[PDB]
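> Here's my sequence, what's the structure:
(chains A, B and C, ligands or ions: 2)
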Amino acid sequence: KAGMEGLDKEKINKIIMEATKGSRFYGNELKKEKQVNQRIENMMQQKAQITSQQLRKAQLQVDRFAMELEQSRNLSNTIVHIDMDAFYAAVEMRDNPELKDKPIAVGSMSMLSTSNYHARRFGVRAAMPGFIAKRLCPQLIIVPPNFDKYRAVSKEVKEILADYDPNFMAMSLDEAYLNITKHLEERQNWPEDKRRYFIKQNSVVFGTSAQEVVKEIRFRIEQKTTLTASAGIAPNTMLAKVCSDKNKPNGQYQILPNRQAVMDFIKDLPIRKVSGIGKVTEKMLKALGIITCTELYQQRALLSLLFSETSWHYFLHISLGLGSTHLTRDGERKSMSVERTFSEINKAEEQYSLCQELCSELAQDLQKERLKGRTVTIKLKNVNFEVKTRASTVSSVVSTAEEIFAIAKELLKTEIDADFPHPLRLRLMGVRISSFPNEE
DNA sequence: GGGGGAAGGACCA
DNA sequence: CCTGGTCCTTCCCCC
Ligand SMILES: Nc1ncnc2c1ncn2[C@H]1C[C@H](O)[C@@H](COP(=O)(O)OP(=O)(O)OP(=O)(O)O)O1
Ligand SMILES: [Mg+2]
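Residues are numbered from 1 along each chain as shown, chains lettered A, B, ... in the order given. Ligands and ions are numbered 1, 2, ... in the order given. Sharing the structure here:
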């Protein structure tokens, strides 16, 4: 929940319910929850078994760990995270003035991808189904999305970000972390004319602090596109995205560099607000009485010893308010994917056709990167939202519609047999290549 | 006990 | 009446 707080959780939750109480959807959730509740046992059972001297041991390992992490804590880097405001919604607003002063969302009667801050006041939020959305906000306008138009604006803004961290990394069409560390240096000595801007004595000049560059950045981005950004300044990434959001929309927040500011901040930060901690992790941790970063730190004894090697590691890094100061080389596609939702299809002949066209879709997108891949998964969601998923891998490499349909076909084939003499009643079918070629 | 491969999930925009 | 990606953790089965 990030955008508009101060909401009538009462009326809004009743309404969200009515349109769910008996919905096929609700069912799968309602019993996906049983799985969450019973996983908690596994953990609480594995706690009861934990002994005193065990924890005593578990400690020193961890404490040590905390130590050098703390000795290696880096604060010379100034990391910024730019996050756009109601991004798709904000573009659409811009492009079609008729929508200026109206609650909108970008999406579909089945699901909203985002919504303007206006609509947000009614309770409409991203990941919400439109049909529910319009029960909270009768006058909500649902624009269909047009990604080629959003890519348009992402590119546009990046032409700015270039000028500051020409090696920034961008998380999405709407987010990028930057590192002004370098820029701020040169920027100490710019004259004011290197920093004066015209505002569409009507003209302004930005000073020389990090707080002042992110001011300037957000300015230029607003002046170019009419869209606003919130931005979060800190000395690593984790802290940055959390800051970006502490003054949305149109605003910015700085944790200055030193152990305290970070601690000052970290102390009562509800664990949920960190990237990568979600509905579930929260419910688990919260089940151990962990709610705030601090509570997380001081539970570290138990967590290292109850969770996976990589998880408690992560947990701990947050405990101390540690992230990453180096922005990484572009990356590499690990997969490509295409899936689609539809009214029930329980006639096999159709299921196969749908697949063919999905594979056809995929292969084309694939061609556009001139990439070839040697594994393949179908996804297939029952009309109860229960979801199976089947993989396969060739030895050579696959690349086009037909050839990669030859695998999809047989992957499905078995799953029809498997449930035969029943048809697969379906809502969602999907298909994705994986694998890759590198140098050699 | 590794590691490559399939089945599932968590969490992210 | 609920919409492309990554990166894990469990089994598996090869060695
Ligand atoms: N669940 C989703 N499905 C499809 N598209 C999404 C989804 N969530 C987010 N997006 C797209 C639309 C969002 O505008 C965009 C950026 O995400 P995010 O920054 O979380 O929201 P936002 O920029 O629209 O609002 P905010 O002002 O809170 O940032 O990514
Ligand atoms: Mg989070």
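> who's in contact with stretch A:431-440?
A:332-339, A:355, A:358-359, A:362, A:366, A:371-379, A:393, A:397-398, A:404, A:408 (CB atoms under 8 Å, 6 or more residues apart in numbering). Backbone N, C-alpha and C define where each C-beta goes, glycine included.
> for stretch A:22-42, same thing?
With CB under 8 Å, 6+ apart, stretch A:22-42 has contacts from A:20, A:280, A:283, A:284, A:287, A:383, A:384, A:385, A:386.
> Of the residues you listed, which is the nearest to residue A:187?
Nearest to residue A:187, judged by CB to CB, of the contacts of stretch A:22-42 is residue A:280 at 43.0 Å.
> returning to that earlier point: and the contacts of stretch A:22-42 near ligand 1, which?
Counting by CB under 6 Å from any ligand atom, the subset of the contacts of stretch A:22-42 that neighbours ligand 1 is empty.
> Sort out which of these are in helices and list them.
A:280, A:283, A:284, A:287 (DSSP state H).
> does whichever residue of the stretch 101-250 of chain A sits closest to DNA strand B belong to a helix or a strand, and which?
For the stretch 101-250 of chain A and DNA strand B, the shortest gap (CB to the nearest atom of the strand) falls at residue A:172, measuring 3.7 Å. Using DSSP states H and E, residue A:172 falls within no helix or strand.
> Closest residue of chain A to DNA strand B?
Counting by CB to the nearest atom of the strand, chain A gets nearest DNA strand B through residue A:278, at 2.3 Å.
> mind listing what that residue touches?
Contacts of residue A:278 by CB under 8 Å, 6+ apart are residue A:272.
> Flag every residue of chain A that's near DNA strand C.
Contact residues (CB under 7 Å from any atom of the strand) of chain A with DNA strand C: A:16, A:19-20, A:23-26, A:107, A:109-111, A:113, A:127-129, A:131-132, A:308-311, A:333-341, A:365, A:427-428, A:430, A:432.
> Restricted to strands, list these.
Those of the residues of chain A next to DNA strand C mapping onto strands are A:107, A:113, A:336, A:337, A:338, A:339, A:340, A:341, A:427, A:428, A:430, A:432, per DSSP state E.
> so the first one sits right up against residue A:146, yeah?
Spelled out, it's residue A:107. No. Judged on CB atoms under 8 Å, residue A:107 makes no contact with residue A:146 at a distance of 11.6 Å.
> roughly how far out does stretch A:404-413 sit from the chain middle?
31 Å (CA atoms, centre = their mean, to the nearest Å).
> for stretch A:335-342, same thing?
That offset, for stretch A:335-342, works out to 18 Å (CA atoms, centre = their mean).
> swap in stretch A:250-266?
For stretch A:250-266 - counting by CA atoms, centre = their mean - the centre lies 22 Å from the chain centre.
> The residue of the stretch 101-250 of chain A closest to DNA strand B - how many residues pack around it?
11 (other CB atoms under 10 Å).
> my read: residue A:165 touches residue A:158, true?
No. Using CB under 8 Å, residue A:165 is not in contact with residue A:158, being 10.7 Å away.
> Neighbour count: those two, which is higher?
residue A:165 (19 against 14).
> That one and DNA strand C, how far apart?
20 Å (CB to the nearest atom of the strand, to the nearest Å).
> so that residue, which of the three states?
coil (DSSP: H, G, I helix; E, B strand; the rest coil).
> Pull the contacting residues for it.
A:178, A:179, A:180, A:182, A:183, A:327.
> One more pass at 7 Å, please.
Taking CB atoms under 7 Å, 6 or more residues apart in numbering as the contact definition, residue A:165 lies against A:178, A:179, A:180, A:183.
> Between those, identify the one with the most neighbours.
Note: the member of these with the most neighbours is residue A:178, at 27 neighbours, neighbours being other CB under 10 Å.
> all strands of the stretch 201-350 of chain A, in order?
Ranges of strands within the stretch 201-350 of chain A are A:203-205, A:229-234, A:252-254, A:336-345, based on DSSP state E, counting those that start in this stretch.
> Buried deepest among those, which one?
With neighbours defined by mean count of other CB atoms under 10 Å, none of the strands of the stretch 201-350 of chain A is more surrounded on average than strand A:229-234, at a mean of 27.
> Help me confirm that residue A:157 is found in a strand?
No. Read with three-state DSSP, residue A:157 is helix and lies in no strand.
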